[PDB]
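A.B. asks: sequence unknown, structure follows:
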Ligand SMILES: O=C(Nc1cncc2ccc(F)cc12)[C@@H]1CCNc2cc(Cl)c(Cl)cc21
Ligand SMILES: [Cl-]
């Protein structure tokens, strides 16, 4: 029993964190094989800025050992620093780009040293509601599938509302952001509907049934209601993805939707679900199945 | 900016997780140097869970009855001893991944990270607090026994909790790494119930200071309170009494934000009376009590 916001064990990623210094700027890098990946803002015409740099301008520190940079190249908004030493702690990994609503663990780092791990979701507006201070740039987001680390996020900046913006490991930003000092704002955010439904199934699995009702709804009627409350549309793919949870609890997805509709129009009425007075949207259907079944890494 | 429930990076603990099997029971062990620590109930046959005589059960065991697996390698048990509710299995190999560590016993209200494990394999990491009723509101399934709670301030891992059991209300009970249970709990299947839980007042105040540091001030008011008047009101909402120690501990946050502790205590009293009125504080519609004053300073300042 219990339902917590749970991150993946961070060990395989901790062994990859390094400190990258260029001039007065110090941030984090991800050392995989003989390449250190970091935000290109560590060095704006980034082709012009980068051409003026030599390998010895980049100081890379892995623990108390200084790595020697033997090459450098830029791929979108990420700088790739070729080093002479392959990271002996390089796990089996992939670079994956995630979609809004997908969750991942963030290993927040400062000066190449991991300080914390937390679980978050890529918001529909492409920001993340993270917890980052100055020096956190280069901290990474990841998932673990069996023994493989899928790197999906690298932190680049904080927007004026306190939310965070970054890229996949190929340097493509999530969202309409740029790594430049200019006026940028997070768009109007929406609730990840499929995740709220998954979290309601987690509540049912944990014995919290008060919100259940005898009613069902059509997908179209649910989406008409969901659009009114700034919830993301629920697709047939989402309904299919929720199938296993629907079979385990005996509550059809559209039956759980009628519960969600009633919660949106009437509120919680002083009650809580899994210790929360708000509908939680940062657990995917896969996260719910993984936590309510105990998959290990 | 931002405020998240943040766990310590679990790497230093993951390299210590092993699987311990005795008869039909399999659970997790913590392998530090040449000793594997695990719940002593691993020697129990479930039929002896109501009134187990652990000394009697352990005397009948030999080293080769304990199967310890570290990854795909079987460790050889060369000795065993019991210390309170923890079994210590001496092994013939020191864990090369043993971090710098300490065993610390925590007090109610203290927070720690949990590395939930099954079959000696880490599955997830989450943050939690030792409730005032000495239980933890964890996320654990069968086979999670032996999973540990820890803090990693600096490069040293302070082990503070080892999971032993789930109570009928879904909450969890366990011991420190010396085998002493937190609370009045026993590793017996006798009827046991968690006492009425209360809100960790000092942690709620720390979290309100975190909200102020992050730019949120809507809940502040022009009032102050005496500590006694605050406690009289606090007790009525099932909040833990706030002591002078708690007020002292909140001093640094009070100095940073410019809001005296008793002034913040008056915002809390008003929040308890009015609720949030559709508003949130740090993205929460409930008052959060699983962040200590130390966690707030660490996350908001460094
Ligand atoms: O508490 C236990 N198991 C589990 C632990 N944490 C979450 C668990 C969730 C579900 C579950 F069925 C078992 C879970 C074990 C085995 C069942 N009984 C029992 C009784 C006593 Cl006295 C002791 Cl010390 C340990 C146990
Ligand atoms: Cl403590």
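C.D. replies: Okay, I see it. Numbering: from 1, shown residues only, chains lettered A, B, ... in the order given. Ligands and ions are numbered 1, 2, ... in the order given.
A.B. asks: make it CA atoms for all contacts and neighbour counts henceforth
C.D. replies: Noted.
A.B. asks: my guess is residue A:18 contacts residue A:59. True?
C.D. replies: No. Using Cα atoms under 8 Å, residue A:18 makes no contact with residue A:59, being 10.2 Å away.
A.B. asks: so which of these two has more stuff around it?
C.D. replies: residue A:18 (29 against 16; other Cα atoms under 10 Å in any protein chain shown).
A.B. asks: identify the bridge partners of the more buried one.
C.D. replies: Beta bridges link residue A:18 to residue A:29, judged by DSSP bridges.
A.B. asks: now do the contacts for it.
C.D. replies: A:28-31, A:36, A:60-63, A:111-113 (Cα atoms under 8 Å, 6 or more residues apart in numbering or on different chains).
A.B. asks: of these, select the buried ones using a PyMOL command.
C.D. replies: Applied in PyMOL, the following selects the buried portion of the contacts of residue A:18 according to 16 or more other Cα atoms under 10 Å in any protein chain shown:
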select buried, chain A and resi 28+29+30+31+36+60+61+62+111+112+113
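A.B. asks: so which of the contacts of residue A:18 sit within strands?
C.D. replies: Among the contacts of residue A:18, the residues falling in strands (DSSP state E) are A:28-31, A:36, A:60-62, A:113.
A.B. asks: which of the contacts of residue A:18 sits closest to ligand 1?
C.D. replies: Nearest to ligand 1 out of the contacts of residue A:18 is residue A:113 (Cα to the nearest ligand atom; 32.4 Å).
A.B. asks: for residue A:20, see how far away that closest one is.
C.D. replies: For residue A:113, the distance to residue A:20 equals 11 Å [Cα to Cα, to the nearest Å].
A.B. asks: swap in residue A:119?
C.D. replies: 25 Å.
A.B. asks: and if you look at residue A:186?
C.D. replies: 28 Å.
A.B. asks: again with residue A:147
C.D. replies: Residue A:147 sits 27 Å away from residue A:20, going by Cα to Cα.
A.B. asks: more neighbours: those two, which one.
C.D. replies: Using other Cα under 10 Å as the criterion, residue A:147 and residue A:20 rank with residue A:20 on top: 26 against 12.
A.B. asks: nearest spatial neighbour of the more buried one, skipping sequence neighbours?
C.D. replies: What sits nearest to residue A:20 in space, not counting adjacent residues and going by Cα to Cα, 6 or more residues apart in numbering or on different chains, is residue A:60, at 4.7 Å.
A.B. asks: ok, residue A:202 next?
C.D. replies: residue A:288 (6.0 Å).
A.B. asks: repeat that for residue A:284.
C.D. replies: Nearest to residue A:284 is residue A:195, by Cα to Cα, 6+ apart, at 4.7 Å.
A.B. asks: and after the helix or strand containing that neighbour, which helix or strand comes next?
C.D. replies: Taking DSSP states H and E as the definition, residue A:195 sits inside helix A:193-205. Next along the chain after helix A:193-205, taking DSSP H and E as the criterion, comes helix A:219-228.
A.B. asks: which positions in that next one come out as buried?
C.D. replies: So for helix A:219-228, counting by 16+ other Cα under 10 Å, buried means A:219, A:222-223, A:225-226.
A.B. asks: repeat for stretch A:7-22
C.D. replies: Neighbour-count burial for stretch A:7-22 flags A:7-22 (criterion: 16+ other Cα under 10 Å).
A.B. asks: restricted to strands, list these.
C.D. replies: A:17-22.
A.B. asks: quick check: beta-bridge partners of the residue nearest to residue A:20?
C.D. replies: Applying DSSP bridges, one finds that residue A:60 bridges with residue A:20, residue A:67.
A.B. asks: next, count neighbours for residue A:117.
C.D. replies: 29.
A.B. asks: need the contact list for it.
C.D. replies: A:7, A:10, A:105-108, B:6-9.
A.B. asks: can I get these in TSV with distance to ligand 2?
C.D. replies: Converted to TSV, those look like this (distance: Cα to the ion, whole Å):
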residue	distance to ligand 2
A:7	24
A:10	25
A:105	27
A:106	27
A:107	25
A:108	24
B:6	18
B:7	16
B:8	16
B:9	20
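A.B. asks: mind listing what whatever residue of chain A ends up closest to ligand 1 touches?
C.D. replies: Going by Cα to the nearest ligand atom, ligand 1 is nearest to residue A:1 of chain A, at 5.3 Å. Contacts for residue A:1 (Cα under 8 Å, 6+ apart) come out as A:206, B:138-141, B:166, B:170-171.
A.B. asks: which of these sit farthest apart?
C.D. replies: The distance between the two most remote of these (Cα to Cα) is 13.3 Å, for A:206 and B:166.
A.B. asks: so residue A:265, which of the three states?
C.D. replies: Secondary structure, DSSP: H, G, I helix; E, B strand; the rest coil: residue A:265 is helix.
A.B. asks: tell me, how many residues neighbour it?
C.D. replies: 10.
A.B. asks: the closest residue to residue A:83 other than its chain neighbours: what's it in contact with?
C.D. replies: Distance criterion Cα to Cα, 6+ apart; nearest residue to residue A:83, sequence neighbours excluded, is residue A:69 at 4.4 Å. Residues near residue A:69 by Cα under 8 Å, 6+ apart: A:55-56, A:58-60, A:81-84.
A.B. asks: likewise residue A:173?
C.D. replies: Residue A:173 neighbours (Cα under 8 Å, 6+ apart): A:77, A:165-167.
A.B. asks: need those residues in TSV (columns: neighbour count and secondary structure).
C.D. replies: Putting the contacts of residue A:173 into TSV (neighbours: other Cα atoms under 10 Å in any protein chain shown; DSSP: H, G, I helix; E, B strand; the rest coil) gives the following:
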residue	neighbour count	secondary structure
A:77	22	coil
A:165	26	strand
A:166	30	strand
A:167	28	strand
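A.B. asks: show me which of those residues neighbour ligand 1.
C.D. replies: Among these, no residue sits close to ligand 1 (Cα under 6 Å from any ligand atom).
A.B. asks: contact partners for residue A:272?
C.D. replies: Applying Cα under 8 Å, 6+ apart, we find residue A:272 in contact with residue A:278.
A.B. asks: go with 10 Å
C.D. replies: A:208, A:210-211, A:278-279, B:286 (Cα atoms under 10 Å, 6 or more residues apart in numbering or on different chains).
A.B. asks: ranking those by neighbours, who comes first?
C.D. replies: residue A:279 (21 neighbours).
A.B. asks: correct me, but that residue touches residue A:259?
C.D. replies: No. Using Cα atoms under 10 Å, residue A:279 makes no contact with residue A:259, being 11.8 Å away.
A.B. asks: between residue A:113 and residue A:20, which contacts overlap?
C.D. replies: With Cα under 10 Å, 6+ apart as the test, residue A:113 and residue A:20 both reach A:28, A:62.
A.B. asks: so what sits opposite the most centrally placed residue in chain A in the bridge?
C.D. replies: Centroid-nearest residue in chain A: residue A:104, 3.9 Å away (criterion: Cα atoms, centre = their mean). Residue A:104 has the following beta-bridge partners by DSSP bridges: residue A:120.
A.B. asks: show me what contacts it?
C.D. replies: A:6-8, A:98, A:118-122, A:140-144, A:150-153, A:282-284, A:287.
A.B. asks: go on, residue A:188?
C.D. replies: Per Cα under 10 Å, 6+ apart, neighbours of residue A:188: A:124-125, A:230.
A.B. asks: can I get those residues in CSV with secondary structure?
C.D. replies: Output for these, formatted as CSV (three-state DSSP):
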residue, secondary structure
A:124, coil
A:125, coil
A:230, coil
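A.B. asks: quick one, phi psi at residue A:125?
C.D. replies: phi -90, psi 10 (degrees, to the nearest 10).
A.B. asks: pretty sure it sits against residue A:230.
C.D. replies: No. The pair residue A:125 / residue A:230 is not scored as a contact, 11.9 Å apart, by Cα under 10 Å.
A.B. asks: appreciated, that's everything.
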